[PDB]
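Worksheet: one structure, shown below.
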Amino acid sequence: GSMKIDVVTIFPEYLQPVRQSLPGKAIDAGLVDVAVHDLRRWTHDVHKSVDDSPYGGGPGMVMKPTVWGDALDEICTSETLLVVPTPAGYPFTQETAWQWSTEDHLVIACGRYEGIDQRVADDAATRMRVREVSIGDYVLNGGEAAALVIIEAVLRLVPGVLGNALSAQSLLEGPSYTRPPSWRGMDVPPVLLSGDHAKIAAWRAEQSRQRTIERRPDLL
Amino acid sequence: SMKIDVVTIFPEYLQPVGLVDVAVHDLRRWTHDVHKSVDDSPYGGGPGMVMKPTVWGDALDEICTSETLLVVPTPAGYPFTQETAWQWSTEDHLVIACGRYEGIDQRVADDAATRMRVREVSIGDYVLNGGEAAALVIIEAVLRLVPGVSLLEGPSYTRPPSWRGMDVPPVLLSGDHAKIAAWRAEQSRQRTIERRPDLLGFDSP
Ligand SMILES: N#Cc1c(-c2ccc3ccn(C[C@@H]4CCCN(Cc5ccccc5)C4)c3c2)n[nH]c1N
Ligand SMILES: N#Cc1c(-c2ccc3ccn(C[C@H]4CCCN(Cc5ccccc5)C4)c3c2)n[nH]c1N
């Protein structure tokens with residue numbers, strides 16, 4: 001019904017699209033709150049260091065456990081769902097989005113560089129639910145774009161939060177058409193204007209089958 | 001060198017965003033009538049509205065050339081993967097057509113395909129409210145590969161060597177490159193089998 005989301009990142013400005021997406025009515029009805037925190041608030045030194053060289057060598061730096069530990073200590077409780085984007089994560093899917101849409105408090109820990117010292121998530125997992133997840137099989141610069149995707153996929157399932165409706169309606173969806181009935185020599189498929197709604201449903205099912213075979217045979 | 005143009009009715013969403021440039025275009029600028037919406041009801045019925053091909057056609061005609069790669073985010077697309085990102089990294093010009101509502105009339109992609117290369121793609125098996133988040137993801141994955149710009153990664157550690165009573169795995173402190181490479185390989189294997197068995201040719205859970 002309602003959800004608080006905290007995002008922790010060294011680039012809080014990158015979360016701006018979430019602010020752009022939130023309707024005033026959802027916030028005012030106390031259905032949702034999204035806070036974004038600069039990780040550097042929890043640094044210890046004058047140079048505001050968030051990263052350090054990896055033990056055992058390697059490319060790039062690793063984010064410091066003492067900084068992340070302090071941040072999450074302040075922001076999380078035992079009731080928090082701690083979400084950690086990572087390309088080494090479990091797959092984030094629509095099932096995941098449905099499961100998380102009923103949560104009361106999500107905290108999303110956005111990494112950069114070569115990620116966060118593993119002890120941060122391992123320690124957190126001894127007193128809260130922790131989920132390392134990936135939004136897809138490509139490489140990003142950090143967790144922030146993944147946070148945008150996760151927040152949208154989850155909040156659109158919370159009634160009234162993003163302004164979208166949830167329709168009554170596995171296989172891929174087939175093609176959709178609207179006015180005008182003819183455009184650049186292409187007519188809308190006549191069956192859609194036939195008023196035979198059993199035939200229309202069969203036509204759409206076959207379109208879905210063909211599209212799935214062509215684009216996502218893994219689903220069959 | 002790459003130009004990316006993004007076309008959207010929600011340009012406000014996309015402004016986190018020399019070898020590369022990215023421009024965002026408001027689709028509504030190409031409207032045929034200010035008092036008319038870009039969306040209409042679906043032929044044959046359905047949930048939700050569909051974006052009309054007319055406004056899209058006018059916008060894309062102005063922005064694209066025959067050399068353009070037209071990218072259309074859609075949950076019903078081919079999978080967008082790292083191999084896709086490598087393939088697109090050497091393109092001169094990407095145009096990303098972001099839909100909203102229940103999507104874009106199919107004739108937009110079908111007509112464009114008669115004059116340029118078109119790619120309908122999905123960034124993952126979850127549902128979004130529109131193509132803009134997908135556009136951000138595609139841009140990020142592709143731009144980091146532009147010239148001049150199998151297994152899951154195991155865990156990483158940095159200082160201090162003991163933290164809250166949790167020790168960095170001793171092998172990582174050993175200086176022994178061969179033992180470290182072996183331990184890391186074993187960690188990656190274990191992680192991949194548990195989290196992404198599909199990558200190693202096994203059944204998903
Ligand atoms: N979800 C998701 C993602 C992410 C994602 C998520 C979080 C971070 C933090 C840093 N990076 C960027 C590096 C750049 C170099 C290579 N690897 C190194 C790395 C390996 C293992 C763990 C952390 C980093 C990613 C991230 C990427 N990418 N793709 C997805 N579907
Ligand atoms: N890439 C990518 C995407 C997108 C994406 C991309 C482009 C558009 C344009 C519009 N939408 C939103 C629609 C898309 C389809 C139908 N549902 C409505 C629906 C409502 C109720 C019950 C079932 C379904 C929403 C888009 C979503 N989503 N996930 C990805 N990996």
Side-chain angles (χ1 to χ4, degrees), chain A residues 9-11 51 54 58-63 83-94 97-98 108-118 121 131-150 152-153 156-157 162 164-165 167-170 172 174 176, chain B residues 8-10 39 42 46-51 71-82 85 96-104 119-138 140-141 144-145 151-156 187-188 191 196:
Chain A
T9 169
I10 63 173
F11 293 115
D51 68 303
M61 311 284 276
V62 172
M63 302 195 94
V83 177
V84 187
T86 164
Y90 292 91
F92 175 83
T93 71
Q94 192 64 13
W98 271 108
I108 307 179
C110 299
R112 282 269 158 172
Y113 306 92
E114 302 295 294
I116 308 175
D117 187 294
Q118 189 63 44
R131 303 288 184 261
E132 294 189 5
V133 296
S134 170
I135 59 159
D137 286 336
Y138 34 77
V139 180
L140 304 168
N141 288 325
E144 290 80 9
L148 293 178
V149 170
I150 287 162
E152 180 163 339
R156 71 176 285 288
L157 298 180
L162 289 188
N164 59 284
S167 78
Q169 294 82 356
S170 208
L172 303 182
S176 297
Chain B
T8 172
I9 63 169
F10 192 11
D39 65 296
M49 308 291 274
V50 178
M51 304 179 103
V71 178
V72 187
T74 161
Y78 294 87
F80 176 83
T81 67
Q82 194 64 15
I96 306 181
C98 302
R100 283 253 143 190
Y101 308 93
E102 293 303 309
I104 303 173
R119 306 289 186 262
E120 294 187 40
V121 298
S122 174
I123 62 156
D125 286 338
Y126 35 77
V127 181
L128 305 166
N129 274 341
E132 291 79 10
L136 281 188
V137 164
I138 287 166
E140 187 156 320
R144 62 189 299 286
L145 305 180
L151 307 142
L152 305 183
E153 291 84 353
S156 291
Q187 289 302 304
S188 175
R191 196 171 264 187
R196 294 295 304 280

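Here is the naming used below: chain letters follow the sequence lines, and residue numbers restart at 1 for every chain. Just follow the structure's listing: the first ligand is 1, and inside any ligand the first atom is 1.
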Identity and distance of the protein heavy atom lying nearest atom 26 (C) of ligand 1: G142(A) CA, 3.5 Å

Structural part of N129(B) in contact with ligand 2, heavy atom criterion under 4.0 angstrom: backbone

Atom 13 (C) of ligand 1 [closest protein heavy-atom partner, distance rounded to 0.1 Å]: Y113(A) O, 3.4 Å

Atom 18 (C) of ligand 1 - nearest protein heavy atom and its distance: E114(A) OE1, 3.9 Å

Under 4.0 Å to a heavy atom of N141(A) - the qualifying atoms of ligand 1, by number: 10 (C), 11 (N), 12 (C)

Distance from atom 7 (C) of ligand 1 to nearest protein heavy atom, with residue and atom: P85(A) O, 3.4 Å

Structural part of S122(B) in contact with ligand 2, heavy atom criterion under 4.0 angstrom: both

Which residues share a side-chain contact (heavy atoms from CB on, under 4.5 Å) with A88(A), sequence neighbours left out: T86(A), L152(B), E153(B), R191(B)

Nearest option to atom 2 (C) of ligand 1, as decided by whichever heavy atom of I123(B), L152(B), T86(A) sits closest: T86(A)

N/O separation below 3.5 Å, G136(A) to ligand 1: yes

Nearest neighbour in protein (non-hydrogen) for atom 14 (C) of ligand 1: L140(A) O, 3.9 Å

4.0 Å heavy-atom contact, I116(A) with ligand 1: no

Residue part near ligand 1, for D137(A), under 4.0 Å between non-hydrogen atoms: neither

Which segment of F80(B) sits under 4.0 Å of ligand 2 when only heavy atoms are counted: neither

Residue, atom name and distance, where the atom is the protein heavy atom closest to atom 17 (N) of ligand 1: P87(A) CG, 4.3 Å

Proximity winner for atom 11 (N) of ligand 2, if only heavy atoms of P47(B), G130(B), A165(A), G77(B) are counted: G130(B)

Polar contact flag for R112(A) and ligand 1 (N/O pairs, less than 3.5 Å): no

Electrostatic pair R196(B)-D137(A), nearest N-O below 4.0 angstrom: yes

Closest to atom 2 (C) of ligand 2 (judged by heavy-atom distance), picking from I135(A), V71(B), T74(B): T74(B)

Residue, atom name and distance, where the atom is the protein heavy atom closest to atom 30 (C) of ligand 1: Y138(A) O, 3.4 Å

Nearest protein heavy atom with distance in Å, relative to atom 16 (C) of ligand 1: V139(A) CG1, 4.1 Å

Among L128(B), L157(A), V121(B), closest by any non-hydrogen atom to atom 27 (C) of ligand 2: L128(B)

